[PDB]
Structure formats: C-alpha cells, structure tokens
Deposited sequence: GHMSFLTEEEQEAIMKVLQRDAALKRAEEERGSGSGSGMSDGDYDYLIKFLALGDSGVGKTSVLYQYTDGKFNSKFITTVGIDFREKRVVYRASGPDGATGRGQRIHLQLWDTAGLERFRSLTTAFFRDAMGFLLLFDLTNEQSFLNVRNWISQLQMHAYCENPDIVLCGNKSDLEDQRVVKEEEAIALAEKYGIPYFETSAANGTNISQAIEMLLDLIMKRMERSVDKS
C-alpha cells in the first residue's frame, strides 16, 4: 500500500485515457503532444485549465501523478491545418517525480513553469531544463519559459530581465503568464506549437 487505491486508479484512468486517444489517432490530421513541468504549485494545472476552458480555480488541488487535457486547434503561420492537442500536466512533487519524468519522453514540446512570486520556482528552472534534455527522446527539445502568476504584480519576486537573461542564455522564449486571467497563456502555447511544427524541417 502506502499509495491510496483511489490515488492509483486515477493514474490508471489517466493512463487508460491516453491509450484510447492514441489508438484512435492511428486508426483530425495531426496530433501534437505538449507537456507542462515546473515545481509543484507554480500553476501547471491552473494554466492548462485556463487555456483549454478559460476557467480558473483559486483552491489548490495538487495534481496526483499525471493528467492531461485536450483541445482542438487550427494552426496558421496560407492554409488551415487541424490539430488535436494533448497537454500533459505533470505533478510537480517529489513523490511523483519518477512518474512525471517518465512522460517527458512522449512530449514534442515542453512548457516549463515557474511562479513569478517564488524565487525557488525560478531557481529550480536551471535543473528542470537539464532534466528536460536528459530525459527527452530528441536532443534539442523545444521549451517555452513561463513566468506564471503575472497577475500578482503585488507579490512578484523574479526580476523580468533576470528571467529574460536566463531565457536568452538557453535560447528559449519567455512569457509572463497569469492562469488567473489568461494573460499570454494562449500566445505562449501557440508559440510552442509554432516551434514544434517548424521542427518538421525537410531536407
């Protein structure tokens, strides 16, 4: 035991959903797989919820292991390309660190979140990035940096240039988001989709 059966069958529910989804899309045109990561509480779930449903819940409900949201999107950079999105929402905790790290290998692009109001969020960005490229199934995976909780301008802590300096170092785009009001959330995600669908680089 020491792992609720109610805790485990939820994850197997998440696991069963993903199997069906894949068996369907190899039975819209493309299927693109995003994964969100960051310290627990930086708003990974609150972001994907805000992006896919335009809703936000103030009450903290930590993500048990792994979940994903879906969303149908039309892509444009000319022509309309239709897309099903799989947005993997990893638990940010240590207890689930192995289970989340496992699904790092199913994502085409990663949204890496820190909470603007919490130094550690930012600090641990360094590690999360090199764990991203440790555990990725293609050597330069695409990452978009998200300073989340930009709506708390009254409690922000990370300097913006400090974050774009960290962003410019690794060659990664940076967005200050708020899951509360949707600021830049669509723009940051679409930008990751941009990055991904340009990686289809013919030769």
{"property": "Deposited-sequence ranges lacking C-alpha coordinates, in sequence order", "result": "1-3, 31-43, 94-100, 227-230"}
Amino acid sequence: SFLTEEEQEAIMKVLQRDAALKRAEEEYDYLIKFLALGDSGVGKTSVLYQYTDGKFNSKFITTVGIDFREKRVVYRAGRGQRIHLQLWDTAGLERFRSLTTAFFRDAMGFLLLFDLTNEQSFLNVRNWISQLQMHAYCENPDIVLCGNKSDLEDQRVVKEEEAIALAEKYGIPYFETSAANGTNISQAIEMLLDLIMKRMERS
From here on, numbers count along this sequence of modelled residues.
property	result
Average Cα temperature factor in the PDB entry - higher stretch of 139-147, 38-46	139-147
Higher-B stretch (mean Cα B-factor, as the entry records it), 97-105 or 79-87	79-87
Among 21, 193, 179, 14 - the residue whose C-alpha B-factor is largest in the record	193
Relative C-alpha B-factor of residue 174, binned into the chain's lowest, middle or highest third	lowest
Third of chain Cα B-factors occupied by residue 67	lowest
For residue 164, the third of its chain into which the C-alpha B factor falls	highest
Entry-reported Cα temperature factor of residue 74, expressed as the chain third it lands in	highest
Assigned third (lowest, middle, highest) for the C-alpha B factor of residue 155	highest
